[PDB]
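Residues per chain, in single letters:
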Amino acid sequence: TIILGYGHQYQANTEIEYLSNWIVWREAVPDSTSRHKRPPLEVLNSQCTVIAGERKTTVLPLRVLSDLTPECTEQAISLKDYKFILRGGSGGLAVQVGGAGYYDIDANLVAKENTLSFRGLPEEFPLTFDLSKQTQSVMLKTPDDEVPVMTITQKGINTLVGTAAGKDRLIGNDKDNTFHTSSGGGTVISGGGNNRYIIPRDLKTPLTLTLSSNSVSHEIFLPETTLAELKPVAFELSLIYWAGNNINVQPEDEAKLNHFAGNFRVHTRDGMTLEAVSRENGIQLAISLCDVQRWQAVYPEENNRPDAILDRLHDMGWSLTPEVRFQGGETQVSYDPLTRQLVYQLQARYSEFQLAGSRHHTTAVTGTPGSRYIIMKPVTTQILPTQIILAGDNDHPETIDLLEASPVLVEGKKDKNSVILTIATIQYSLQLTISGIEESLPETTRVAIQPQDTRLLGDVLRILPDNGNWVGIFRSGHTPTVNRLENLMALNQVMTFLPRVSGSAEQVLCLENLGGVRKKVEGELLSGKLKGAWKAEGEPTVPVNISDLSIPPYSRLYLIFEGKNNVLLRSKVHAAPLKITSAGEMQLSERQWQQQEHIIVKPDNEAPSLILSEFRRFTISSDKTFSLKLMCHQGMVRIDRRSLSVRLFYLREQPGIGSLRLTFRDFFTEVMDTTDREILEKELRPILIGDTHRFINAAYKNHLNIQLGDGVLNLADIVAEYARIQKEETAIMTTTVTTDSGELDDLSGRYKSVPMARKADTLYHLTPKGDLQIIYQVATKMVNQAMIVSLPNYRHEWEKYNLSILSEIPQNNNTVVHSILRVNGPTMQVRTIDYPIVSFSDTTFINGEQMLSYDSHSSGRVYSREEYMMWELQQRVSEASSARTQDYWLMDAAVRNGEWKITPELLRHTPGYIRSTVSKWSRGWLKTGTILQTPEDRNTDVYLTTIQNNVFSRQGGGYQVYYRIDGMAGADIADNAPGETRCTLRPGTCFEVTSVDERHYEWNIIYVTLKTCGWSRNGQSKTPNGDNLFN
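Some points on the side chain of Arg-758
Relative to the assigned elements, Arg-758 resides in the loop between strand 62 (751-753) and strand 63 (762-765). Despite its burial, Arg-758 pairs with no opposite charge, the nearest such side chain being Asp-761 at 6.3 Å. A distance of 2.9 Å separates the side chain of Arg-758 from the backbone oxygen of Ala-760, its partner in a polar contact. With residues up to four places along the chain from it excluded, the contact list for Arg-758 reads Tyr-776, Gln-777, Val-778, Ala-779, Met-787, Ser-807, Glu-808, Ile-809, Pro-810 and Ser-819.

In structure tokens:
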């Protein structure tokens, strides 16, 4: 790196002045009045020269034109004649022009990259540079005249970089060129060769790309743009944006637009890679590649399986290249849209692959010798056939896992040197094909039907007849009928409600563990009685303690309850911790540490070296120090006695963000065993900050680094930063908010204003002690800063919270976007107001997750209040996890006092729900804005919980209409048994019909949303042509 200046050689013309008072002689400037005299300082040279060596050299002359300020402009104009002679080397030359002078750049042609950058100019400067012109002038538009502030003579440049945010006009050579365009629009005219473009987001003016006739290929990079921000426009190479100015790729001649088929690629930030493909009529932009790692990073809260990604892309209106590749991960996945076949290729031996079918594509897996293929439990119907191809090593045989599928009946078949096995559960089935790679079935393959029953593929083959193919291979014994099946993957804080039965007098609840880690169920019975735990077919039930239950891996447990009273059981599920007492390298595969929720390290003599394979840490900021400081501020670091505890979050293929706690027992010396006293801890803290290793146990001093996939986590850094945070407790800001804190439609409560301006993204954290930790990031770019809004004891007091959090999101166009965050139980409802333009969105904690990530630049469709608030009815009908968690939280709030009671406080937070059946529905009859009323019935019952209350499943015969009441304040509830939430709505109550949807008319499903009124004395009581509503 060379930084250059403007140095002139002066000639100081001087004279001798005789100071007669001190009779001395001194040097002095010539007198300007004594005839004619030379100037006191005369400039002789105005040239600088740099000759580069063999390495890459960057030249950065002083920036004399950095803004349009008059003094800066004058200084730049005065220096417009300075000569810069820069000769690049074979390594490469990068020049960033200061803003004035004659530039004579002589870059080597051998060098792969020779850069000419104009980013040092004023931010909004119209730059017109042509790479095909050897000599050029960069004119500065001064008042009343134009000044050639720069004159550039370049040779060998191929990496033109534009201004920051100016209206630039760039033209390339006939060679390969790279263009770093500005964020202010303009035009780019790339000549021949293969050209690359890096275009930022939020363009001030639409940008036009002109593909020349002699051009070969083009690659467009969008480092700040996701695929969801682009409109899939057909028969065009232009990149259209949902919001914001778009790129306008056009060719020199429209006749030869089809030339750039396969020679036009667009790279997008979330790992997408669009390609130009010839089609039936013209050209199109189809998705060709996908990096699953970048996509998972951009969308951590969604299902990142290739099938889920394909479904998401199809729902977005995006086409597919004839061969779609899914790069990243342990395997390369290929999709063929013509035959709808998804193929997996294994590369790493001894890799545990989870095989899950789909309702849209057929799956085939090509395995590696010595591998483990886990068959997942079938969850949907009409699953297309799946295939497994085995490499027969005979020294490292593979295995096929049916343990996690919970198979009830397995039937075998033989067809052309392959064994076809069906895997049918109680309610679902799946057909799996097993075939070899060399036209032979390896008899050494192991089929694990049951944990204690592991057979060999040869033994399975022998009992398989040729004629009369279908025979049984496995059949589970008789089990009691299951009224409710509850998976233990939902972690804790699960409220199970079993309504009483009429005469069966025996309700069976089944707790199933689909993983390989033992589960501890810390249940607690509120209503009903437990007869014991089912043991076998014909012996008395075994009594068990609901306080703690042990569930062995891949095993079930049928609890028996009486059918007279309602059954309400609150259960806490915690997996058994993993104890690591050995030393040396301790490597855990991805499935090994993803199965665990707590890992305890207790070294016998020396600590091991933990290596978590493929651990992708979840971070909201790219700064490691800031991320670790925020993690320390959020309470994931705990120090008690000599033990250090670390809580980590990782990105995973499944929806949500994973969590893993690491505890290092005896991590500190014996001086830290006095953590009870705060004065001693305060005395220890300065040393813990300065010299962390002084208080670290000698068994850990060589094992302070934890290998987390690609990154590394150092325990000493965490300890030092945690100590620093403890010091500052007794730039991240905290704002504790109480139910009765803050200033005074649905926004009818308190208001709290965020002090600063936030960014687009937000983070919601729910600590184990039920603390809400909304985290905002300050919009300032120079310094990373965060502001945390704290709601202590939120999970146990969410019904008393009705405040709104107001914030501001500045935009690139000097515009401000208003955001209101309303906390509604596990749901974080956010309204965006644009100046009118009002958008609604929400996120919900589900399945015990404690981290929620929402990014504004991740969607391309804006939903109004009616559209968003209508979506929740569709999710409730499908019984989405959000509705289940809302039901769980409401049931938990219903028992705050210890006895079941639906308080009037919960009425405001709880929308109403009605399910009704009509004899016949007329399409288009119900229009938005109409008025509906209940008939002259005694009371119409409104249900707050519709997931497991048996009040929302289809009943009777005909069309089904789903209702949702916005305002339930003022409705009298009924005496409810423990577990049921019923409200009796007053007769003759108006219902302002809003946003009627009938997309599932062919499925006999009608969707309706409503608003309450007063005593309007109008509407339809019995409704036309019978079909009395609100029974």
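Structural notes on helix 3 (residues 306-315)
Listing the buried residues of helix 3 in full gives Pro-306, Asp-307, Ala-308, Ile-309, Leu-310 and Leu-313. Looking at the buried positions of helix 3, the neighbouring elements they touch are strand 26 (272-278), strand 27 (283-291), helix 2 (292-298), strand 28 (319-327), strand 29 (332-336) and strand 30 (341-345). With its phi angle positive at about 75°, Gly-317 sits one or two positions after the end of helix 3.

Considerations on the sheet that holds strand 75 (residues 972-973)
Pairing within the open sheet is antiparallel, and its three strands lie in the order 73-76-75. Two strands lie at the open edges of the sheet, namely strand 73 (940-943) and strand 75, each paired on one side alone. Sheet topology places strand 75 next to strand 76 (residues 982-985); two bridges connect them, and they run antiparallel. Bridge pairing links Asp-972 to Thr-984 in strand 76.

Concerning the pattern of salt bridges
Counted by the stated rule, this structure contains 39 salt bridges. Salt-bridge contacts for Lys-377 lead to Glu-512; the nearest nitrogen and oxygen are separated by 3.1 Å. Here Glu-512 lies in strand 44 (residues 507-512) and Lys-377 lies in the loop between strand 33 (372-375) and strand 34 (386-390), a separation of 135 residues in the sequence. Between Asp-691 and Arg-694 there is a salt bridge, with its nearest N and O atoms 3.8 Å apart. You can call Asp-691 partly exposed: its relative accessible area is 35%. With a relative accessible area of 48%, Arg-694 lands in the partly exposed category. Sharing partners across several salt bridges, the network here consists of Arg-201, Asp-202 and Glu-229.

Concerning the pairing of strand 4 (residues 24-28)
One ladder, built from five bridges, connects strand 3 (residues 15-19) with strand 4; its direction is antiparallel. Directly across from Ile-16, in strand 4, lies its bridge partner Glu-27. Hairpin connection of strand 3 to strand 4: four residues between the antiparallel strands, including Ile-23 at a positive phi of 30°.

Regarding a negative patch on the surface
A surface patch of negative charge is lined by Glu-330, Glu-614, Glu-653 and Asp-710. Relative to the helices and strands, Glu-614 is located in the loop between strand 55 (609-612) and helix 6 (624-633).

Details of unusual backbone geometry
Its identity as a non-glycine residue notwithstanding, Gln-382 has a phi of 55°, on the positive side. In this structure, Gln-382 sits in the loop between strand 33 and strand 34. The exposure class of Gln-382 is exposed, given its relative accessible area of 65%. At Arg-641, a position not held by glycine, the phi torsion is positive, near 60°. Note on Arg-641: relative accessible area 42%, which makes it partly exposed.

Notes on the side chain of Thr-692
Within the fold, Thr-692 resides in the loop between helix 7 (678-690) and strand 59 (705-708). The class for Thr-692 is buried, based on a relative accessible area of 8%. In this structure the side chain of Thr-692 is engaged in a polar contact, spanning 3.0 Å, whose partner is the backbone oxygen of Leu-688. The residues touching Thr-692, leaving out its near neighbours within four places in the chain, are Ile-687, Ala-716, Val-719 and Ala-720.

Considering the packing of helix 7 against helix 8 (residues 715-729)
Where helix 7 meets helix 8, the axes come as close as 9 Å, and the angle between the chain directions of the two elements is 135°. Classified by the angle their axes make, helix 7 and helix 8 are oblique. Note that helix 7 runs across helix 8; the crossing there is left-handed. Contact residues: helix 7 offers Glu-681, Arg-685, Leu-688 and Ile-689, while helix 8 offers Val-719, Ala-720, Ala-723, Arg-724, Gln-726 and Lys-727. Residues belonging to the contact of helix 7 with helix 8 are distributed by class as follows: five nonpolar, one polar and four charged.

A short note on the state of the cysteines
Note on terminology: a disulfide is the covalent bond linking the sulfur atoms of two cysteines. Following the criterion strictly, the structure yields one disulfide and no others. The residue that forms a disulfide with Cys-990 is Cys-1013, at a sulfur-sulfur distance of 2.0 Å. Residue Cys-990 is found in strand 77 (residues 990-997), and its partner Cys-1013 is found in the segment after strand 78 (1005-1012); the two are separated by 23 residues along the sequence. On the basis of relative accessibility, which here comes to 30%, the residue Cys-1013 falls in the partly exposed class. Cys-1013 provides the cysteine sulfur closest to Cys-983, a residue in no disulfide bond, and the two sulfurs are 18 Å apart.

Focus: the packing of helix 6 against helix 8
When two helices pack together, their arrangement is captured by the angle between the axes and the distance separating the axes. In the contact formed by helix 6 and helix 8, the axes pass within 9 Å of each other and the chain directions differ by 60°. In this view, helix 6 runs oblique relative to helix 8, as classed from their interaxial angle. The crossing of helix 6 and helix 8 is right-handed. Contacts between helix 6 and helix 8 pair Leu-628, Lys-629, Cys-632 and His-633 from the former with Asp-717, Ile-718, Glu-721, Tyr-722, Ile-725 and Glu-728 from the latter.

A look at the nonpolar core
The biggest cluster of nonpolar side chains holds 104 residues, and the ones touching the most others in it are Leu-86, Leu-116, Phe-118, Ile-220, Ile-247 and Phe-264. With four residues, strand 27 is the largest single contributor of residues to this core. Once you skip the residues sitting within four places of it in the chain, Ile-220 turns out to touch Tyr-197, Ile-199, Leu-209, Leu-239, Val-249, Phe-264, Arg-265, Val-266 and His-267. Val-494, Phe-497, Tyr-764 and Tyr-776 belong to the second-largest nonpolar core, a separate cluster that totals 62 residues.

Details of a nonpolar patch on the surface
Taken together, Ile-16, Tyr-18, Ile-23 and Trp-25 make up a surface patch of nonpolar side chains, about 500 Å² in accessible area. Positionally, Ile-16 belongs in strand 3.

A closer look at the pairing of strand 29
With three bridges connecting them, strand 28 and strand 29 associate as antiparallel partners. Among the inter-strand pairings, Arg-325 is bridged to a residue of strand 29, identified as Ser-334. Hairpin connection between strand 28 and strand 29: a loop of four residues separates the two successive antiparallel strands, and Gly-328 in this loop has a positive phi of roughly 85°. Of the pairings in the sheet, the one linking strand 29 to strand 30 comprises five bridges and is antiparallel in character. Paired with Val-333 across the strands is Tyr-344, a residue of strand 30.

Topic: a positive patch on the surface
Positive charge collects at one region of the surface, where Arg-518, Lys-579, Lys-602, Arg-638, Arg-665 and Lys-769 lie side by side. Note on placement: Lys-769 falls in the loop between strand 63 and strand 64 (772-777).

Rules used throughout
- Residues numbered from 1 in each chain as written, not as in the entry; some residues may be left out.
- Part of a larger assembly, values for the part shown.
- Heavy atoms only, no water.
- Helix = DSSP H or I, 4+ residues; strand = E, 2+ residues; numbered from the N terminus.
- Buried < 20%, exposed > 50% of the residue type's maximum accessible area, 1.4 Å probe, protein only.
- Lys, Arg positive; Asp, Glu negative; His and termini not counted.
- Salt bridge = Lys/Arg side-chain N within 4 Å of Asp/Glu carboxyl O.
- Polar contact = N/O pair within 3.5 Å; in protein donor to acceptor, adjacent residues only side chain to side chain.
- Contact = heavy atoms within 4.5 Å.
- Pairing = 2+ DSSP bridges.
- Patch = residues over 30% accessible without salt bridge, like charges linked within 9 Å, V, L, I, M, F, W, Y side chains within 5 Å.
- Areas by Shrake-Rupley, 256 points an atom, 1.4 Å probe, with all protein chains shown as cover.
- Charge placed at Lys NZ, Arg CZ, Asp CG, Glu CD.
- Axes fitted to C-alpha atoms, helices over the stretch in contact; angles between N-to-C directions.
- Parallel < 35°, antiparallel > 145°, perpendicular 65-115°, else oblique.
- Left-handed = near helix turned anticlockwise from the far one by under 90°.
- Nonpolar A, V, L, I, M, F, W, Y, C, P; charged D, E, K, R; others polar.
- Disulfide = S-S within 2.5 Å.
- Core = buried A, V, L, I, M, F, W, Y, C linked by side-chain atoms within 4.5 Å.

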